[PDB]
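Given next, in structure tokens, is a single chain: the form deposited in one PDB entry.
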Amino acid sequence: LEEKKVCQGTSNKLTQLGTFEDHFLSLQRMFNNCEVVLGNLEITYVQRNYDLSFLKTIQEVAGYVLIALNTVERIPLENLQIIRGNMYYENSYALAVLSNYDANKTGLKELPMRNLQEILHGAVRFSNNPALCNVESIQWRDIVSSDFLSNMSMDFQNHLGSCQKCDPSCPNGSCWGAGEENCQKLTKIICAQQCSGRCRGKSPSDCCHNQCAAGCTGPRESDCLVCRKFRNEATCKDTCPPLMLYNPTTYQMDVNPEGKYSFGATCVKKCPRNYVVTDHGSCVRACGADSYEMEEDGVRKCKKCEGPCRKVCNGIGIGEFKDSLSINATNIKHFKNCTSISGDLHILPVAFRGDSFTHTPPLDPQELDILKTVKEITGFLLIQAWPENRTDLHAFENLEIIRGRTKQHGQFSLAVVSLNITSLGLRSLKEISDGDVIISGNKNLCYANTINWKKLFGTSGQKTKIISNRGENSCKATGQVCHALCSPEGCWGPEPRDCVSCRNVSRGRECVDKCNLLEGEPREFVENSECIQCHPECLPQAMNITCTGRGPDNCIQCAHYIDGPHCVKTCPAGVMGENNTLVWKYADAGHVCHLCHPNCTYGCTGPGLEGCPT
């Protein structure tokens, strides 16, 4: 069976996004054809005559549901079955319908949520809707759980008389509107004494499974309308089946033939490639407090550490930086020496001009070098501002991985927008494990559409969005192309140390035209297209090559003396040996090193005793 289409949902509570039609276009552009909102559902500032019929598809919301400040007459949320309530509005509410009138005290009228049957966690708040019809009759006992029946705030005041009665066919007049299709379907309070949860009837043969959230169409666990905690292949589980089962007979643990990894609210066959795999059989985002993320054995793992594990910082939006929205000038200290951000990174224009609202001073551009030790982000990277004097993302030169576990808007994992930089300069970036890439709006940066991003993309379905940066020929005319010392693979900047691969060879972190063979100041050799210096004790060969390796063992001829296989500067004269006996040697004719006479303690300048006048 096919997945349900998901949408991210908004998180801007009462904020208006432009005019009344700029706002409605964003609401429409987001929740069109959606069927499962992963975040919140916020319907605000919708004016009359607007057609909200694209909301007829949403079936469950994982956050809250806020309906405020509207003036439209009817909001057709008539397929919503569940509000999971994983996030509250005003700390207590998983459904708030507030102040839906215009100046004339005539606003929202028809909210026919005729399929809304359960609100997992949270209360409900209704207030100040002077034209709302047929909702004060609802019995909210069947919907919201009994733990929260005390935190509810229902204020109903129409008392104008623009409503019609409820079709006399449902218990106690409880109706969601007018019609034989539009009244409350009770599934919890009409249960028999033995039904553990929801029940599709009053007879004791109608109890649903203990994991059906809204209701059911059968007694089993594959007959739920919507699962309550976890979701197996087609059944509703309480917990994902463990990978290993205990054997009460042999007092050991046996492999489970259908053990699944718990990932999010589903049981999968195997964790996603970029997620950490614990031993409980669960895909997580960060190893435990006493564990550090162990290397890839094909997959990520958590290994226990001895004493201090390491220095790893929490990114923005997690841990102590839960409500900070940028890299303040006050929190920047806490990223002092950590080489792996365990979260996100936002750099917004607020950091650089300060924020008086949260009492934050302006950030100092020279302090951004604190991030030069970072080598791995496990979330995303969002750079919206950079100091204008700088012409490169200098703080992120040592960055190598972006894991992309949490993405921006749920899609992007690297975003560089509206900056003054001339080149990106992430010269050591190697991989982007998940999420898209947007680099657009930078009026000068053009060293950006040369990289082969498909090399960095760890998975499939990743794309790059690089538009309206600079010219693509206006900096190829002024010469802002890469150095001819770079492979056609790509280039991060104008230097030769800013290429993906080299044309000929390389001197460490920089590309060159040829190794220093034959001539040059330091003698070198070639292996894997790298230039390594010969041991200082290798004689500068003006004819052929000089050496065939790093060690003095590969020299063509030595510079001073020769102690056997090795090329030494001066023959040993005090080196520890066997039986605690010292070692003294001498240089003969061919500058060869030979051992002294055992007796010669103060060393010797010749063979045997005649050689050392002691």
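Take the two forms, find the largest set of C-alpha atoms that superpose within 1.5 Å, and that set is the rigid core. Start at 1 with the first residue shown and count on from there. Residues that one form lacks are left out of the comparison.
What comes next is about the form deposited in another entry, which does not appear here.
Enquirer: Determine, with the core as the superposition reference, the one member of 64, 31, 45, 561 that shifts its CA by 2 Å or more between the shown form and the other one.
Expert: Between the two forms, the residue that moves is 561.
Enquirer: Taking 2 Å as the cut-off, check whether the CA of residue 354 shifts that much or more between the shown form and the other one after a rigid core fit.
Expert: No; residue 354 is a residue whose C-alpha shifts by less than 2 Å between the shown form and the other one when the cores are overlaid.
Enquirer: C-alpha of residue 455: shift of 2 angstroms or more between the shown form and the other one, rigid core aligned?
Expert: No: residue 455 shifts by under 2 Å between the shown form and the other one.
Enquirer: Hey, does residue 467 budge by 2 Å or more at the Cα between the shown form and the other one once the core is superposed?
Expert: Where the cores coincide, residue 467 shows only a C-alpha shift between the shown form and the other one that is less than 2 Å.
Enquirer: Do any runs of 3 or more residues shift their CA by 2 Å or more between the shown form and the other one on a core fit, and if so, which ones, in sequence order?
Expert: Run 514-614 stands out as the only one displaced between the shown form and the other one - at least 3 residues long.
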